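Structure record follows, encoded as structure tokens.
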Amino acid sequence: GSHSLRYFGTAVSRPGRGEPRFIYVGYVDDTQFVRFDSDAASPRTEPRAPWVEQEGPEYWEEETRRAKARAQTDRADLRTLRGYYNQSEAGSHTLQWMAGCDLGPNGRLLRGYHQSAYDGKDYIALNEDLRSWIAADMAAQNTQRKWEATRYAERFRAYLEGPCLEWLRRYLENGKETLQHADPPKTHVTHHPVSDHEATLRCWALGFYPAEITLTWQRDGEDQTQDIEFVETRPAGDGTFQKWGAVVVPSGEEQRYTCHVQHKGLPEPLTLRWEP
Amino acid sequence: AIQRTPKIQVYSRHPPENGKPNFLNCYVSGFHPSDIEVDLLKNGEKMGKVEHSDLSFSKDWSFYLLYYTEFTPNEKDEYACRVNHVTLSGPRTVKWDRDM
Ligand SMILES: CCCCCCCCCCCCCCCC(=O)OC[C@H](O)CO
Ligand code: NA
């Protein structure tokens, strides 16, 4: 259990059709709180969570300046990468990066990240010791040797160890009423006959925050792996999440089946049954 | 370069009830590259005033987006989400099912 500040970036080259598209987002835990979209007239870093709107005018101008500097760097990197892979000048490519810090309950840095991908594949990542790089291929090794030359890992680590945690603590305090509130899932079980002798039990978990959750079906206390479907956790749109798991059972043996639900918002793990 | 086909979930923000205003969600995830066209269909017709989230992506670098609009279900109207992506030969359409 740790809070996290993370920024994510996507840069997509638009060969012939002008400059690349840059879309940047920032998150505290599972809560997005800022965006930057280069495809505006005069684009700016913008609030996407209520508790960051109180930030002063200097904040928004410096974050906007920071986004524009990253865009320039990303466009350079798109060119460089096109070269390393001897790729056509025609053809759109995609660069993605993420970076940020996990706050340890100690108050210091628990884990830090700086990772990147090109055309959907891992390219280079900062190692967990924050001192070295892992490179995916020989093109990425070229980036690695150069970033070693400028001691980039040490300089970025300083951001992670200092300001990254400083801003995360700030955000956590300003948005504490939502960011530090575990919304428990509202849960229930629905019944849908499949045939004259089988029916579907669907177990629902709704409106929970944070996203992480476990949801299983059991028959006589044993965990079910056949005749099931679990959907990926999905956003409700209001900042909370949803998940369901369905199992096909013999008509008349429904009560042998229990849905098991664990979530940070649940003091105890939940056991659920169809309740006609 | 890897390309990935979008997964699609269509669903409501809250348990649906006829006459009760609600939000219709089409969540597209797991796709690469990022260009993607997503429509919400009311009785086979593209709804206006559909908004979407800001492009983000998961730990495997594949993108996800939430498209959503306001709607009030009733026993007559049928809803679906229709997706176009470079990995798909023609649009993929998923109907809204009230039980999912
Ligand atoms: C959603 C809008 C985005 C908000 C604004 C745009 C963010 C772009 C910067 C990347 C993330 C933060 C890293 C930047 C930290 C920084 O200053 O980097 C020091 C280096 O370690 C070398 O000094
Ligand atoms: Na297509």
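So that the names make sense, note that chain A is the first sequence line, chain B the second, and so on, each numbered from 1. The figures here come from the full heavy-atom set of this structure, side chains too, leaving out hydrogens, waters and symmetry mates.
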Regarding [X] and [Y], does a basic nitrogen lie under 4.0 Å from an acidic carboxylate oxygen?
{"X": "A/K176", "Y": "A/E173", "value": "yes"}
{"X": "B/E45", "Y": "B/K42", "value": "no"}
{"X": "A/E232", "Y": "A/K243", "value": "no"}
{"X": "B/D99", "Y": "A/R202", "value": "no"}

Search all heavy atoms of [X] against all heavy atoms of [Y] and return the closest pair with its distance.
{"X": "A/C203", "Y": "A/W217", "result": "CB-CZ2, 3.4 Å"}
{"X": "B/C26", "Y": "B/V38", "result": "SG-CG1, 3.9 Å"}
{"X": "A/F36", "Y": "A/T45", "result": "CD1-N, 3.6 Å"}

Greater than 12 external heavy atoms within 6.0 Å of B/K20's NZ: no

Under a plain distance cut-off of 3.5 Å, with no hydrogens placed, do [Y] and [X] share a side-chain donor-acceptor pair?
{"X": "B/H52", "Y": "B/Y68", "value": "no"}
{"X": "B/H32", "Y": "B/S34", "value": "no"}
{"X": "A/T216", "Y": "A/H260", "value": "no"}

Residues A/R66, A/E63; criterion salt bridge (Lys or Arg N to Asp or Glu O under 4.0 Å); working and verdict: CA-CA 5 Å; A/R66 266 191 217 249; A/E63 291 299 288; 3.7 Å; yes

B/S56 and B/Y64: CA distance, side-chain angles, deciding distance, side chain to side chain donor-acceptor pair (under 3.5 Å) verdict: CA-CA 6 Å; B/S56 190; B/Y64 62 86; 3.3 Å; yes

Got a list of side-chain donor-acceptor pairs under 3.5 Å for residues 192-200 of chain A, not counting sequence neighbours?
{"residue": "A/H192", "atom": "NE2", "partner": "A/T190", "partner atom": "OG1", "Å": "2.8"}
{"residue": "A/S195", "atom": "OG", "partner": "A/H197", "partner atom": "N", "Å": "3.3"}
{"residue": "A/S195", "atom": "OG", "partner": "A/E198", "partner atom": "N", "Å": "3.1"}

A/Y113 six-ring centre to A/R6 NZ/CZ under 6.0 Å and within 45° of normal: yes

